[PDB]
Amino acid sequence: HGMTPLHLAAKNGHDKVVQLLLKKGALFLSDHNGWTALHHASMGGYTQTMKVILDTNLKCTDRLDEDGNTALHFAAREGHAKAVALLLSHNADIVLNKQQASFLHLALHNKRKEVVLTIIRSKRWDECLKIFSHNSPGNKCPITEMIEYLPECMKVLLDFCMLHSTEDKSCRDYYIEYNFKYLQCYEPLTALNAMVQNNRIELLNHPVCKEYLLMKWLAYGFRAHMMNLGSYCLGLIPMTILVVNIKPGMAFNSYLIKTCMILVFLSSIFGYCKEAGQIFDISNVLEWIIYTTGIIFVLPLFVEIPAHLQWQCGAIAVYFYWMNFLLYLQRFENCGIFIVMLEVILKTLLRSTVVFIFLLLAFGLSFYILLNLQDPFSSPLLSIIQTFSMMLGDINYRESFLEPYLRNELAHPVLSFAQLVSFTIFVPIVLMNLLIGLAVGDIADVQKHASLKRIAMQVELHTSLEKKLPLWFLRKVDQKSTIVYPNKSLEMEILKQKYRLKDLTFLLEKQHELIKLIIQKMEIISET
Amino acid sequence: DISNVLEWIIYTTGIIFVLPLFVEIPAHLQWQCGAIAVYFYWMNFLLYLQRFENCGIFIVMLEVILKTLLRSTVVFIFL
Amino acid sequence: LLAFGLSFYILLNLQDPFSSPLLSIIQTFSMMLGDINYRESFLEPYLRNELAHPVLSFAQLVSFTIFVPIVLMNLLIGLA
Amino acid sequence: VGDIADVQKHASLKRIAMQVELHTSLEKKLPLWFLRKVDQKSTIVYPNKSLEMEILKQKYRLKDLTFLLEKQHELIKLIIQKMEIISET
C-alpha cells in the first residue's frame, strides 16, 4: 500500500518508536497517496506522537497528499481538538485543495463540535476567516457554513462580540459594547439571511442580533416607514378629515377644505407616478381602486359631478384607505402578527366560501320557496342575503315564524319548522363551530413559529430595501459597533447521542479487530 | 348509505314537482314537493364536491361535526 | 372599525343610528358580536328605497358580516 | 376544535387516500381495452407554461452494538482459557 514503518508507528500512535526512528533517520518519506506520517498522527489524534514529529524537522506541516490535503484537514475530519490546538500552536498554513474546501469548512461538514470551539478560542484565527475562497461552489464564507451546520459554535462566537465593564455596581453608568464585523461578508445581510433560511431561532434571539437589527432599524428602517407610510398617511388623513367635516349628502367645490381637496388629489397621482412602489399582488389591485376613486371624489375641483356618484366614490375610498392602512402596519413589529393571523383566517375562509356558498344557496332558495309572502324573503338575492345575515344567530323566529304561524300565514307550516331546526343546526352551530375550529388550528400554527416569523419578516424588510438604496449613502449610516448604557431541543439531544453511539461502535470495531489479532499472534504450549 | 336515501327523496319529489306535465295536481302539494326538492338537490350537490381536492376537506370536517352533534343530540334533547 | 365605521356613515347617513361619526363608529362596535340589525337598518329602508347606494350597502354588509363577526371574532377566540 | 384538529392532524394524507380510493373504485369498473390507449406511464414536463424513527434507528444500532460486544467478550473469555503463565503463577 506504500506504508513505511514510521507511518504505521504513527498510525497506531506509539511515541517511543517514532522518536527512535527519527533518531535513526526515518527521513520522512511520502507513501502512496501522499500520506506523510503527520497525517496519520492527525488521523487518530495521537497528540503525544505529534509532539515528537513537530519538535524535530517541521517539514511535514506543509506536505500535501494526492488530494492536496494537509494534516490540519485530517485532524479536523476525525475531530481531535487537542491535535488542532497542537497544530495551531505552530505556524501551520491552510490551503484550499482539489475540492476548493478549506480547513474550517471541513471541520463543519463532519460536524465536529469541539475542534471549532478550540479554533475560535485559539489565536491565529482571523486570517482563517479571510482564507475562505470567494465564489466557491460549495462554501463561500465559513460563517454561513457555521450557520448551516453548527449553531452553538456560532453562539459562543457571538459571545465574543459582546463586551462588559463595571458590572452594574454603580448602575448609573454601565458599559456594554457590541461588534458587528461578523455579520458582513455586494449582497446584504448575508450572515443574517442565512439564519432564517436555516431557521436558527436561538441565534436570532441572541442579544447581539437584536441589537444588530436595531441598528438597521434606527439608521434607516424606522426612517423607511416615515417616508413610505408617512406619504400614504398624507394621502389618508385629508380624506378622513374631509368626510367628518361635511355632511354625506351635499356636494362641494371654508379656507380649510380647498387645500384639503387638492391634497388627496396630488397624492393619488403621486401613487400613479409609480407603476410599482420602491419597496417590495393584493395591494396592487387595492391601490388601483384607491387611486381611481380618490380622483373621482375630488373631481369637483375641476369639473362638476353629481353628488350621488361623488359620495358613492367616497364610500369605496374611505373604506379601502383604512383597509390598506391595515396592510401598511403589517410590516411592523408590535402589530405585525395580528395582520398575519388576519390574512390566514381570511385565506382559510375564502377558500372555504367556495364550498359553503352552496349551503347558503340551499337554505336561501328553500326559505325563498317556503315563506315567500314575507318581506325579507320576497326575492332571491334578498332571501340569500337574509340567510347570510342569519348565520350568526340572527334567526328572527318571532316576526318570521311564530307571529305568522299563529295567524296561519305560513304556506307550509310543518316544513318551515323542519327547515328551521335543520337550519339552526346547520349554519349557526356546525358551520360556525367548524369555522372556529379552522381558526384555532391556523392561529396555533402561526403562533407555533411566530417569534421566528416576525424576525423573518423584519430581515426581509431590510434586504428588500438594501438592494434599492445607493451604497454611498450606506457607507456613512452604517455603524457596525454600538455602545449601550442600560441606565436610560429534544431532537438535537438524541442526535447528539447518535453521533456518540456511532463513534462508540466504530471504536469497538478497531478494538475487536485488534483482539482478533492477539489470537492470531499468540503462542500456546500448555493448553495445546 | 347517506346518498342512497338522499337520491331516493331527490328522485321522488322531482317527478311529483313536474307531474303537471302529465296530470293536473294542486299547487299546494306541488310547491311543497318543490321545497324538499331544491333543498335536497344542493345538499347532495355538496356531497358530490366531497370527491374533489381543493374542496374536499371541508366536507369531511362538515360530516365529522355533524356526526359528532347527531350522536350528541340524543343526549341533550332531554336538556 | 374605522373603515366600516366611516363607510357605513357615508353609505347610510339618513338613518338615526348612523347620523354622525362617533355614533356610526359605536354602532359598528356594537355590531361586532352579531347585532347586525338588517331589518330596520337595511331591508325596511330598501323596500321603501331609502337606501342611498343600495348595491354598495349590501356589498358592504356581506363584507362586514364576513369581516368583524366571523374572522375577527374567530381570530379573537383563537388568541384566547 | 378537537375533531377538526384530529382531521387536520392527517388531512394531507386523507385527501390523497381519498383520491387514490376514487381511481381504484373506477378502475374495477372501466374496461381494460379502453385503459390500454389512455395510460401513458411516462410524462414530459415543461415548467415554462420523524422523532420515532430517529430512536428506532438508534435501537437497531445499539442492539447490533451489544451483539458485537457478546462475540468480543466470549472471545476475550477464550484468550484467558488458552494462555500460558509462568511468572505470575
# chains A, B, ... in the order shown; residues from 1 in each chain; ligands from 1
$ closest_atom_pairs --of "chain A" --to "chain C" --cutoff "7 Å" --atoms "only C-alpha atoms" --output "tab-separated table"
residue	atom	partner	partner_atom	distance
A:244	CA	C:21	CA	6.9
A:248	CA	C:10	CA	5.6
A:312	CA	C:53	CA	6.9
A:315	CA	C:7	CA	5.5
A:318	CA	C:7	CA	6.4
A:319	CA	C:3	CA	4.7
A:322	CA	C:3	CA	5.3
A:323	CA	C:3	CA	6.4
A:342	CA	C:75	CA	6.9
A:345	CA	C:71	CA	6.4
A:346	CA	C:71	CA	6.7
A:376	CA	C:43	CA	6.7
A:392	CA	C:34	CA	5.8
A:436	CA	C:74	CA	5.5
A:439	CA	C:78	CA	6.0
A:440	CA	C:78	CA	4.6
A:443	CA	C:78	CA	6.0
$ write_last_selection --atoms "N, CA, C and O atoms" --output "compact mmCIF listing (two decimals), in the first residue's frame"
# COMPACT_ATOMS: atom_id res chain seq x y z
N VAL A 244 -65.53 63.85 7.82
CA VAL A 244 -66.15 64.20 9.09
C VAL A 244 -66.65 65.63 9.07
O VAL A 244 -67.68 65.95 9.68
N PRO A 248 -72.56 63.88 4.55
CA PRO A 248 -72.57 62.91 3.44
C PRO A 248 -73.54 63.13 2.29
O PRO A 248 -73.51 62.35 1.33
N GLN A 312 -70.80 58.15 -3.65
CA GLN A 312 -70.60 56.74 -3.94
C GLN A 312 -69.12 56.43 -4.10
O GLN A 312 -68.63 55.42 -3.58
N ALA A 315 -67.41 56.42 -0.74
CA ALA A 315 -67.66 55.25 0.09
C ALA A 315 -66.63 54.16 -0.16
O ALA A 315 -66.14 53.55 0.78
N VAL A 318 -62.98 55.74 1.41
CA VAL A 318 -62.62 55.76 2.82
C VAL A 318 -62.66 54.37 3.41
O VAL A 318 -62.02 54.09 4.42
N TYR A 319 -63.41 53.46 2.79
CA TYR A 319 -63.38 52.08 3.23
C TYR A 319 -62.06 51.43 2.85
O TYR A 319 -61.47 50.71 3.65
N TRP A 322 -58.48 52.83 4.82
CA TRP A 322 -58.14 52.24 6.10
C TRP A 322 -57.94 50.75 6.01
O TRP A 322 -57.26 50.17 6.87
N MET A 323 -58.52 50.10 5.00
CA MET A 323 -58.21 48.70 4.77
C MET A 323 -56.77 48.53 4.32
O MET A 323 -56.08 47.63 4.80
N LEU A 342 -54.71 37.54 10.65
CA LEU A 342 -55.92 38.00 9.98
C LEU A 342 -55.96 37.57 8.52
O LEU A 342 -57.03 37.30 7.99
N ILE A 345 -56.65 33.47 8.36
CA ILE A 345 -58.06 33.14 8.54
C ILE A 345 -58.88 33.63 7.37
O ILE A 345 -59.83 32.96 6.94
N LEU A 346 -58.52 34.77 6.80
CA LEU A 346 -59.24 35.25 5.64
C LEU A 346 -58.96 34.37 4.43
O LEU A 346 -59.88 34.06 3.66
N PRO A 376 -88.88 40.05 4.08
CA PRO A 376 -87.44 39.79 3.98
C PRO A 376 -87.07 38.56 3.18
O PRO A 376 -85.88 38.24 3.10
N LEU A 392 -75.24 34.12 12.11
CA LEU A 392 -74.63 34.32 13.42
C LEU A 392 -75.52 33.91 14.57
O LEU A 392 -75.02 33.69 15.67
N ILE A 436 -64.78 28.20 13.64
CA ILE A 436 -63.92 28.47 14.78
C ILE A 436 -62.77 27.48 14.80
O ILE A 436 -61.61 27.85 15.02
N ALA A 439 -59.97 28.29 12.79
CA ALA A 439 -59.21 29.43 13.26
C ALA A 439 -58.20 29.02 14.32
O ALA A 439 -57.05 29.46 14.30
N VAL A 440 -58.62 28.18 15.27
CA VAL A 440 -57.73 27.75 16.34
C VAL A 440 -56.59 26.90 15.80
O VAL A 440 -55.45 27.05 16.24
N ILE A 443 -54.25 29.56 13.93
CA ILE A 443 -53.57 30.53 14.77
C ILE A 443 -52.48 29.85 15.58
O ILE A 443 -51.37 30.38 15.71
$ closest_atom_pairs --of "chain B" --to "chain D" --cutoff "9 Å" --atoms "only C-alpha atoms" --output "Markdown table"
| residue | atom | partner | partner_atom | distance |
| --- | --- | --- | --- | --- |
| B:51 | CA | D:18 | CA | 7.3 |
| B:52 | CA | D:19 | CA | 7.9 |
| B:53 | CA | D:15 | CA | 6.7 |
| B:56 | CA | D:15 | CA | 6.9 |
| B:57 | CA | D:15 | CA | 6.9 |
| B:60 | CA | D:7 | CA | 8.0 |
| B:61 | CA | D:4 | CA | 6.2 |
| B:64 | CA | D:3 | CA | 7.1 |
| B:65 | CA | D:3 | CA | 7.1 |
| B:68 | CA | D:3 | CA | 8.5 |
$ interface_residues --of "chain A" --to "chain B" --cutoff "9 Å" --atoms "only C-alpha atoms" --output "list in words"
residues 351, 352, 354, 355, 356, 358, 359, 361, 362, 363, 364, 365, 366, 367, 369, 370, 411, 412, 415, 425, 426, 430, 431, 433 and 434 of chain A
$ write_last_selection --atoms "N, CA and C atoms" --output "PDB file, in the first residue's frame"
ATOM      1  N   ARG A 351     -61.100  30.326   0.803  1.00  0.00           N
ATOM      2  CA  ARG A 351     -61.051  29.051   0.105  1.00  0.00           C
ATOM      3  C   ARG A 351     -62.036  28.061   0.685  1.00  0.00           C
ATOM      4  N   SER A 352     -62.792  28.474   1.690  1.00  0.00           N
ATOM      5  CA  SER A 352     -63.906  27.696   2.189  1.00  0.00           C
ATOM      6  C   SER A 352     -65.244  28.222   1.721  1.00  0.00           C
ATOM      7  N   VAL A 354     -66.028  28.999  -1.230  1.00  0.00           N
ATOM      8  CA  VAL A 354     -66.401  28.378  -2.497  1.00  0.00           C
ATOM      9  C   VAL A 354     -67.088  27.043  -2.292  1.00  0.00           C
ATOM     10  N   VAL A 355     -67.064  26.512  -1.080  1.00  0.00           N
ATOM     11  CA  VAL A 355     -67.795  25.298  -0.771  1.00  0.00           C
ATOM     12  C   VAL A 355     -69.151  25.617  -0.174  1.00  0.00           C
ATOM     13  N   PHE A 356     -69.169  26.388   0.902  1.00  0.00           N
ATOM     14  CA  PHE A 356     -70.386  26.586   1.663  1.00  0.00           C
ATOM     15  C   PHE A 356     -71.283  27.666   1.099  1.00  0.00           C
ATOM     16  N   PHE A 358     -72.857  27.043  -1.536  1.00  0.00           N
ATOM     17  CA  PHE A 358     -73.973  26.206  -1.941  1.00  0.00           C
ATOM     18  C   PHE A 358     -74.846  25.834  -0.760  1.00  0.00           C
ATOM     19  N   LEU A 359     -74.253  25.728   0.426  1.00  0.00           N
ATOM     20  CA  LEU A 359     -75.039  25.521   1.633  1.00  0.00           C
ATOM     21  C   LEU A 359     -75.950  26.702   1.883  1.00  0.00           C
ATOM     22  N   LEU A 361     -76.851  28.569  -0.553  1.00  0.00           N
ATOM     23  CA  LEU A 361     -77.778  28.501  -1.672  1.00  0.00           C
ATOM     24  C   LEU A 361     -78.896  27.510  -1.425  1.00  0.00           C
ATOM     25  N   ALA A 362     -78.650  26.486  -0.613  1.00  0.00           N
ATOM     26  CA  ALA A 362     -79.701  25.523  -0.321  1.00  0.00           C
ATOM     27  C   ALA A 362     -80.773  26.149   0.553  1.00  0.00           C
ATOM     28  N   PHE A 363     -80.380  26.682   1.705  1.00  0.00           N
ATOM     29  CA  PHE A 363     -81.350  27.311   2.586  1.00  0.00           C
ATOM     30  C   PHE A 363     -81.879  28.603   2.002  1.00  0.00           C
ATOM     31  N   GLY A 364     -81.076  29.287   1.191  1.00  0.00           N
ATOM     32  CA  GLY A 364     -81.512  30.553   0.632  1.00  0.00           C
ATOM     33  C   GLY A 364     -82.658  30.393  -0.341  1.00  0.00           C
ATOM     34  N   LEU A 365     -82.605  29.363  -1.173  1.00  0.00           N
ATOM     35  CA  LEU A 365     -83.733  29.106  -2.046  1.00  0.00           C
ATOM     36  C   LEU A 365     -84.864  28.424  -1.303  1.00  0.00           C
ATOM     37  N   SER A 366     -84.535  27.555  -0.348  1.00  0.00           N
ATOM     38  CA  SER A 366     -85.574  26.825   0.361  1.00  0.00           C
ATOM     39  C   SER A 366     -86.367  27.730   1.280  1.00  0.00           C
ATOM     40  N   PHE A 367     -85.755  28.783   1.800  1.00  0.00           N
ATOM     41  CA  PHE A 367     -86.554  29.746   2.534  1.00  0.00           C
ATOM     42  C   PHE A 367     -87.305  30.660   1.595  1.00  0.00           C
ATOM     43  N   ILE A 369     -88.643  29.639  -1.124  1.00  0.00           N
ATOM     44  CA  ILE A 369     -89.770  28.887  -1.629  1.00  0.00           C
ATOM     45  C   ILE A 369     -90.775  28.578  -0.528  1.00  0.00           C
ATOM     46  N   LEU A 370     -90.346  28.556   0.733  1.00  0.00           N
ATOM     47  CA  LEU A 370     -91.253  28.157   1.800  1.00  0.00           C
ATOM     48  C   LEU A 370     -92.069  29.333   2.289  1.00  0.00           C
ATOM     49  N   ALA A 411     -97.197  29.143   4.583  1.00  0.00           N
ATOM     50  CA  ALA A 411     -97.711  28.342   3.481  1.00  0.00           C
ATOM     51  C   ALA A 411     -97.565  26.858   3.769  1.00  0.00           C
ATOM     52  N   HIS A 412     -96.414  26.447   4.293  1.00  0.00           N
ATOM     53  CA  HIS A 412     -96.128  25.043   4.574  1.00  0.00           C
ATOM     54  C   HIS A 412     -95.574  24.969   5.985  1.00  0.00           C
ATOM     55  N   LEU A 415     -93.175  22.082   7.240  1.00  0.00           N
ATOM     56  CA  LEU A 415     -91.900  22.119   6.544  1.00  0.00           C
ATOM     57  C   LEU A 415     -90.998  23.227   7.039  1.00  0.00           C
ATOM     58  N   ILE A 425     -79.489  24.050  13.325  1.00  0.00           N
ATOM     59  CA  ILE A 425     -78.363  23.151  13.477  1.00  0.00           C
ATOM     60  C   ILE A 425     -77.256  23.549  12.525  1.00  0.00           C
ATOM     61  N   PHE A 426     -77.564  23.715  11.238  1.00  0.00           N
ATOM     62  CA  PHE A 426     -76.513  23.652  10.222  1.00  0.00           C
ATOM     63  C   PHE A 426     -75.601  24.871  10.207  1.00  0.00           C
ATOM     64  N   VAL A 430     -72.981  24.128  13.277  1.00  0.00           N
ATOM     65  CA  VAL A 430     -71.878  23.286  12.819  1.00  0.00           C
ATOM     66  C   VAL A 430     -70.991  24.002  11.812  1.00  0.00           C
ATOM     67  N   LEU A 431     -71.509  24.968  11.047  1.00  0.00           N
ATOM     68  CA  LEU A 431     -70.580  25.799  10.287  1.00  0.00           C
ATOM     69  C   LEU A 431     -69.762  26.693  11.192  1.00  0.00           C
ATOM     70  N   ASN A 433     -69.104  26.431  14.253  1.00  0.00           N
ATOM     71  CA  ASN A 433     -68.139  25.720  15.067  1.00  0.00           C
ATOM     72  C   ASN A 433     -67.075  25.062  14.218  1.00  0.00           C
ATOM     73  N   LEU A 434     -67.367  24.762  12.953  1.00  0.00           N
ATOM     74  CA  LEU A 434     -66.281  24.411  12.048  1.00  0.00           C
ATOM     75  C   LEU A 434     -65.370  25.595  11.858  1.00  0.00           C
TER      76      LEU A 434
END
$ closest_atom_pairs --of "chain D" --to "chain A" --cutoff "9 Å" --atoms "only C-alpha atoms" --output "tab-separated table"
residue	atom	partner	partner_atom	distance
D:1	CA	A:437	CA	4.5
D:2	CA	A:437	CA	8.0
D:3	CA	A:437	CA	8.3
D:4	CA	A:437	CA	6.0
D:5	CA	A:441	CA	6.4
D:8	CA	A:441	CA	8.0
D:51	CA	A:491	CA	6.9
D:54	CA	A:494	CA	7.8
D:55	CA	A:494	CA	7.5
D:58	CA	A:498	CA	6.7
D:61	CA	A:502	CA	7.9
D:62	CA	A:501	CA	7.7
D:64	CA	A:505	CA	8.9
D:65	CA	A:505	CA	6.1
D:68	CA	A:508	CA	8.2
D:69	CA	A:508	CA	8.0
D:71	CA	A:512	CA	8.8
D:72	CA	A:512	CA	6.1
D:75	CA	A:515	CA	8.2
D:76	CA	A:515	CA	7.8
D:78	CA	A:519	CA	9.0
D:79	CA	A:519	CA	7.0
D:81	CA	A:527	CA	8.1
D:82	CA	A:527	CA	5.8
D:83	CA	A:524	CA	6.2
D:84	CA	A:526	CA	6.1
D:85	CA	A:526	CA	9.0
$ write_last_selection --atoms "N, CA, C and O atoms" --output "JSON list (two decimals), in the first residue's frame"
[["chain", "number", "residue", "atom", "x", "y", "z"],
["D", 1, "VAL", "N", -63.36, 21.82, 17.86],
["D", 1, "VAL", "CA", -61.92, 22.06, 17.79],
["D", 1, "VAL", "C", -61.14, 20.77, 17.98],
["D", 1, "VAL", "O", -60.14, 20.55, 17.29],
["D", 2, "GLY", "N", -61.63, 19.87, 18.82],
["D", 2, "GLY", "CA", -60.96, 18.59, 18.98],
["D", 2, "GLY", "C", -61.11, 17.70, 17.77],
["D", 2, "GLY", "O", -60.20, 16.93, 17.44],
["D", 3, "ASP", "N", -62.23, 17.81, 17.07],
["D", 3, "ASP", "CA", -62.44, 16.95, 15.91],
["D", 3, "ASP", "C", -61.77, 17.50, 14.67],
["D", 3, "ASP", "O", -61.30, 16.74, 13.82],
["D", 4, "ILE", "N", -61.71, 18.82, 14.53],
["D", 4, "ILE", "CA", -61.10, 19.41, 13.35],
["D", 4, "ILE", "C", -59.59, 19.27, 13.40],
["D", 4, "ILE", "O", -58.95, 18.93, 12.40],
["D", 5, "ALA", "N", -59.00, 19.46, 14.58],
["D", 5, "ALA", "CA", -57.57, 19.23, 14.73],
["D", 5, "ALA", "C", -57.23, 17.76, 14.56],
["D", 5, "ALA", "O", -56.12, 17.43, 14.15],
["D", 8, "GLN", "N", -57.33, 17.67, 10.69],
["D", 8, "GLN", "CA", -56.13, 18.35, 10.20],
["D", 8, "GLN", "C", -54.84, 17.72, 10.71],
["D", 8, "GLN", "O", -53.77, 18.15, 10.27],
["D", 51, "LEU", "N", -39.39, 11.79, 14.86],
["D", 51, "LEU", "CA", -38.71, 11.54, 16.12],
["D", 51, "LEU", "C", -38.79, 10.07, 16.52],
["D", 51, "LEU", "O", -37.91, 9.58, 17.23],
["D", 54, "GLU", "N", -36.17, 8.17, 14.49],
["D", 54, "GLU", "CA", -34.83, 8.51, 14.94],
["D", 54, "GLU", "C", -34.40, 7.62, 16.09],
["D", 54, "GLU", "O", -33.27, 7.12, 16.11],
["D", 55, "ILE", "N", -35.29, 7.39, 17.06],
["D", 55, "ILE", "CA", -34.96, 6.49, 18.16],
["D", 55, "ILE", "C", -34.92, 5.05, 17.68],
["D", 55, "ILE", "O", -34.08, 4.26, 18.11],
["D", 58, "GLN", "N", -31.81, 4.29, 16.23],
["D", 58, "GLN", "CA", -30.81, 4.18, 17.28],
["D", 58, "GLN", "C", -30.91, 2.85, 18.02],
["D", 58, "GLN", "O", -29.91, 2.35, 18.53],
["D", 61, "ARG", "N", -29.04, 0.19, 16.00],
["D", 61, "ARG", "CA", -27.59, 0.33, 16.10],
["D", 61, "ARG", "C", -27.09, -0.09, 17.47],
["D", 61, "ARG", "O", -25.99, -0.65, 17.58],
["D", 62, "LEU", "N", -27.89, 0.12, 18.51],
["D", 62, "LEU", "CA", -27.47, -0.30, 19.84],
["D", 62, "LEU", "C", -27.59, -1.80, 20.00],
["D", 62, "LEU", "O", -26.75, -2.43, 20.66],
["D", 64, "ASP", "N", -27.26, -3.98, 17.63],
["D", 64, "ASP", "CA", -26.11, -4.54, 16.94],
["D", 64, "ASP", "C", -24.84, -4.35, 17.75],
["D", 64, "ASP", "O", -23.93, -5.19, 17.67],
["D", 65, "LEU", "N", -24.76, -3.26, 18.50],
["D", 65, "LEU", "CA", -23.57, -2.98, 19.29],
["D", 65, "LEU", "C", -23.40, -4.01, 20.39],
["D", 65, "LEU", "O", -22.32, -4.59, 20.56],
["D", 68, "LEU", "N", -22.32, -7.24, 19.05],
["D", 68, "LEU", "CA", -20.89, -7.27, 18.77],
["D", 68, "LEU", "C", -20.10, -7.37, 20.06],
["D", 68, "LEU", "O", -18.98, -7.90, 20.06],
["D", 69, "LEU", "N", -20.65, -6.88, 21.16],
["D", 69, "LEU", "CA", -19.95, -6.99, 22.42],
["D", 69, "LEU", "C", -20.00, -8.40, 22.98],
["D", 69, "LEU", "O", -19.14, -8.77, 23.78],
["D", 71, "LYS", "N", -19.72, -11.32, 21.11],
["D", 71, "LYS", "CA", -18.67, -12.08, 20.45],
["D", 71, "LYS", "C", -17.30, -11.60, 20.88],
["D", 71, "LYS", "O", -16.35, -12.39, 20.91],
["D", 72, "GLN", "N", -17.18, -10.33, 21.23],
["D", 72, "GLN", "CA", -15.92, -9.83, 21.74],
["D", 72, "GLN", "C", -15.64, -10.37, 23.13],
["D", 72, "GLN", "O", -14.53, -10.81, 23.41],
["D", 75, "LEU", "N", -14.87, -14.12, 23.03],
["D", 75, "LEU", "CA", -13.53, -14.35, 22.54],
["D", 75, "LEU", "C", -12.49, -13.92, 23.56],
["D", 75, "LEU", "O", -11.42, -14.53, 23.65],
["D", 76, "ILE", "N", -12.79, -12.89, 24.34],
["D", 76, "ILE", "CA", -11.91, -12.47, 25.42],
["D", 76, "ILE", "C", -11.94, -13.48, 26.55],
["D", 76, "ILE", "O", -10.94, -13.65, 27.27],
["D", 78, "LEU", "N", -11.93, -16.49, 25.71],
["D", 78, "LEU", "CA", -11.18, -17.58, 25.13],
["D", 78, "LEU", "C", -9.68, -17.37, 25.26],
["D", 78, "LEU", "O", -8.93, -18.35, 25.34],
["D", 79, "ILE", "N", -9.23, -16.12, 25.28],
["D", 79, "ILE", "CA", -7.80, -15.88, 25.44],
["D", 79, "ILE", "C", -7.37, -16.25, 26.85],
["D", 79, "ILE", "O", -6.27, -16.76, 27.06],
["D", 81, "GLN", "N", -8.77, -18.61, 28.54],
["D", 81, "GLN", "CA", -8.86, -20.06, 28.56],
["D", 81, "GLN", "C", -7.62, -20.67, 27.94],
["D", 81, "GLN", "O", -7.16, -21.73, 28.37],
["D", 82, "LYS", "N", -7.06, -20.02, 26.94],
["D", 82, "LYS", "CA", -5.86, -20.51, 26.28],
["D", 82, "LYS", "C", -4.79, -19.43, 26.30],
["D", 82, "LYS", "O", -4.63, -18.69, 25.33],
["D", 83, "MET", "N", -4.05, -19.34, 27.40],
["D", 83, "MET", "CA", -2.85, -18.53, 27.51],
["D", 83, "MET", "C", -1.99, -19.06, 28.66],
["D", 83, "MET", "O", -2.47, -19.13, 29.79],
["D", 84, "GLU", "N", -0.74, -19.38, 28.38],
["D", 84, "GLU", "CA", 0.11, -19.94, 29.43],
["D", 84, "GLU", "C", 0.64, -18.84, 30.34],
["D", 84, "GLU", "O", 0.73, -17.68, 29.94],
["D", 85, "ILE", "N", 0.95, -19.21, 31.59],
["D", 85, "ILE", "CA", 1.55, -18.29, 32.55],
["D", 85, "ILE", "C", 2.57, -19.04, 33.39],
["D", 85, "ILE", "O", 2.35, -20.18, 33.80]]
$ atom_distance --atom1 "CA of residue 282 (chain A)" --atom2 "CA of residue 294 (chain A)"
18.4 Å
$ select_by_dssp --residues "region 462-499 of chain A" --states "strand (DSSP E)" --output "MDAnalysis selection string"
chainID A and resid 481:484
$ select_by_dssp --residues "region 396-458 of chain A" --states "helix (DSSP H, G or I)" --output "ChimeraX atom specification"
/A:398-405,413-448,450-458
$ atom_distance --atom1 "CA of residue 43 (chain A)" --atom2 "CA of residue 111 (chain A)"
15.9 Å
$ atom_distance --atom1 "CA of residue 368 (chain A)" --atom2 "CA of residue 31 (chain C)"
26.0 Å
$ residues_around --residues "residue 137 (chain A)" --least-positions-apart "4" --cutoff "10 Å" --atoms "only C-alpha atoms" --output "PDB file with N, CA, C and O atoms, in the first residue's frame"
ATOM      1  N   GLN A  99     -10.620  20.247  -3.959  1.00  0.00           N
ATOM      2  CA  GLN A  99     -12.046  20.357  -3.807  1.00  0.00           C
ATOM      3  C   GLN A  99     -12.432  21.807  -3.616  1.00  0.00           C
ATOM      4  O   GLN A  99     -13.625  22.127  -3.683  1.00  0.00           O
ATOM      5  N   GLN A 100     -11.444  22.695  -3.450  1.00  0.00           N
ATOM      6  CA  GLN A 100     -11.618  24.083  -3.025  1.00  0.00           C
ATOM      7  C   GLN A 100     -12.466  24.151  -1.763  1.00  0.00           C
ATOM      8  O   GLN A 100     -13.397  24.949  -1.641  1.00  0.00           O
ATOM      9  N   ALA A 101     -12.144  23.272  -0.826  1.00  0.00           N
ATOM     10  CA  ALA A 101     -12.680  23.312   0.518  1.00  0.00           C
ATOM     11  C   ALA A 101     -11.521  23.564   1.468  1.00  0.00           C
ATOM     12  O   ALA A 101     -10.399  23.106   1.235  1.00  0.00           O
ATOM     13  N   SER A 133     -12.201  30.910   0.214  1.00  0.00           N
ATOM     14  CA  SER A 133     -12.195  31.431  -1.143  1.00  0.00           C
ATOM     15  C   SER A 133     -13.550  32.016  -1.501  1.00  0.00           C
ATOM     16  O   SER A 133     -14.596  31.421  -1.230  1.00  0.00           O
TER      17      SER A 133
END
